[PDB]
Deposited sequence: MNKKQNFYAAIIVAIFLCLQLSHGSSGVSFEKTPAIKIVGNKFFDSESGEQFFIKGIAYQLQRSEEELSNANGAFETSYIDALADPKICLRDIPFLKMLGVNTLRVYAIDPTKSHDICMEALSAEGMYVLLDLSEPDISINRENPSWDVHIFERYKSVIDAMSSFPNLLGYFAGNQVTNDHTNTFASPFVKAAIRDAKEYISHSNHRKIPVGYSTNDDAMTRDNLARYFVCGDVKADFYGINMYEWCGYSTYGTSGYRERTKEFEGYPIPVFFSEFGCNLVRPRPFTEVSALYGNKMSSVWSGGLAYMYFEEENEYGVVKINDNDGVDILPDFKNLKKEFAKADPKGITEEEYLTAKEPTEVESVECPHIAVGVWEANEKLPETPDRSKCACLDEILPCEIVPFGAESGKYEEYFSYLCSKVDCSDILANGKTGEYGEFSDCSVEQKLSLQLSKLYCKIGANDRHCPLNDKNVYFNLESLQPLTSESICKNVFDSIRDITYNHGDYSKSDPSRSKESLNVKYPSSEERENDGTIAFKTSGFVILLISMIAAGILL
């Protein structure tokens, strides 16, 4: 039963309870513990059922979760959250499968991860939204990663649209770098593809600050009229402790409630970074920290005055060293096309420092244009959406064919290289593409 959490929908630049029609404001906290490299607390009832009572005391209605394991069940925890009126904002990526901001790709491997999370989590009415990326671009040196994130938003949205699932919105979470902030926010609502909502990591308010002096007034004037819901994906600067959380009074106050859809405190668990409101002891029990009462009191005080439901933008121009995100986006990764490489290529490589070494080597012998992806120029190779191993295998196979010894000896020395016997057996279009490529 999900009665206490009606699905939230988006109308204009606001969230609304789909049953009541009242504006929904996020009063949230980040909930993530640091087998899989990440820990999925929502897959383990002994963890989530310990914490929900404290989350209830805090007064939160939303958790932000950075990584789930899609191979595990989540209904116990999601139902337990619903019973307390709590929703989940969830990233689609995980640290080891996270668009690489320094070497960006939007490919079948990352897309498969995204689909897996969508198929694991979309049945829950209290799944508020998905993040298709989190601070990928983070300064003026890696703005070219943003077209890859936009492609991911488009493709996650399309995958959801074509699925039988409720049309859970797909958004983006960004940092607060002064040089890139404005351009990023415009980019994610520009042209033909838009984020559904937008979260900003917001640490401008530290200790006993004010609306005017923190920078909140400037950010609020900045986002006034923004076409999609906007909120703080993180808040809780820890410069002064115990954190007063007096920013909460401002965020849900009259001047900010008309622009922002609330925010999520960072974070629940105390870990090496010192941002918790609770600490898990040696006995796996919850010890409440000095911050907890302050957040609780502020959330309890917060009463945002909302409206009721009944009541294309130009992309930033390109400038070298300032903004290098092309409006033109990578294509939707094509699992079938890429899977036909596994079938027809003579020389294959099992997944692995070696990528950079081997691409350097192979791309000195054959033309790697077909696997390159350039977010600055909007030039994306025909097989740039395949997995890194598929891309490497393509180049190795091209070299094998160029040598033409046809002796089943693949021209790269590595235990991970093998000749593909399936290649000898008598995907038609991909074959034509690859046969053409030789």
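Residues of the deposited sequence missing from the coordinate set occupy positions 1-28, 63-75, 353-363, 405-408, 483-488, 501-555.
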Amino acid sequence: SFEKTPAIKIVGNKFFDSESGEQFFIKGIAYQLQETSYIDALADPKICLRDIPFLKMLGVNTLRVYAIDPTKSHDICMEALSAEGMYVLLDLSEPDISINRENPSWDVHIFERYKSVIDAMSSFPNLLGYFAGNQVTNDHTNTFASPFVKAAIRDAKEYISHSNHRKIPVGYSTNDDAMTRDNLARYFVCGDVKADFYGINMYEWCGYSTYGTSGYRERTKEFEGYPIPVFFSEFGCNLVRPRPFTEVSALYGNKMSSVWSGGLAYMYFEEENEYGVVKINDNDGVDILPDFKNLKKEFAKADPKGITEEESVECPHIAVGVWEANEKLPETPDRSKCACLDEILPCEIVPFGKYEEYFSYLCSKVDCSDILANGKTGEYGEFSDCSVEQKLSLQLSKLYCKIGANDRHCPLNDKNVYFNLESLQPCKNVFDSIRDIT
From here on, numbers count along this sequence of modelled residues.
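The stretch with the higher mean CA B factor, choosing between 189-197 and 268-276, is 268-276. In this entry, 403-411 shows the higher mean Cα temperature factor of the pair 22-30 and 403-411.
When the Cα B-factors of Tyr355, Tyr172, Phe111, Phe235 are read from the PDB record, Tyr355 comes out highest.
Within the listed group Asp282, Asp155, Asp176, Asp91, the record reports its top CA B-factor for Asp282. The entry lists a Cα temperature factor for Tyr38 that places it in the highest third of the chain's modelled residues. Per-chain ranking of the deposited C-alpha B factor places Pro227 in the middle third. Ranked within its chain, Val149 lands in the lowest third, by CA B factor from the PDB record. Sorting the modelled residues of the chain by their CA temperature factor places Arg219 in the highest third. In the deposited entry, the Cα temperature factor of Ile160 sits in the bottom third of values across the chain's modelled residues.
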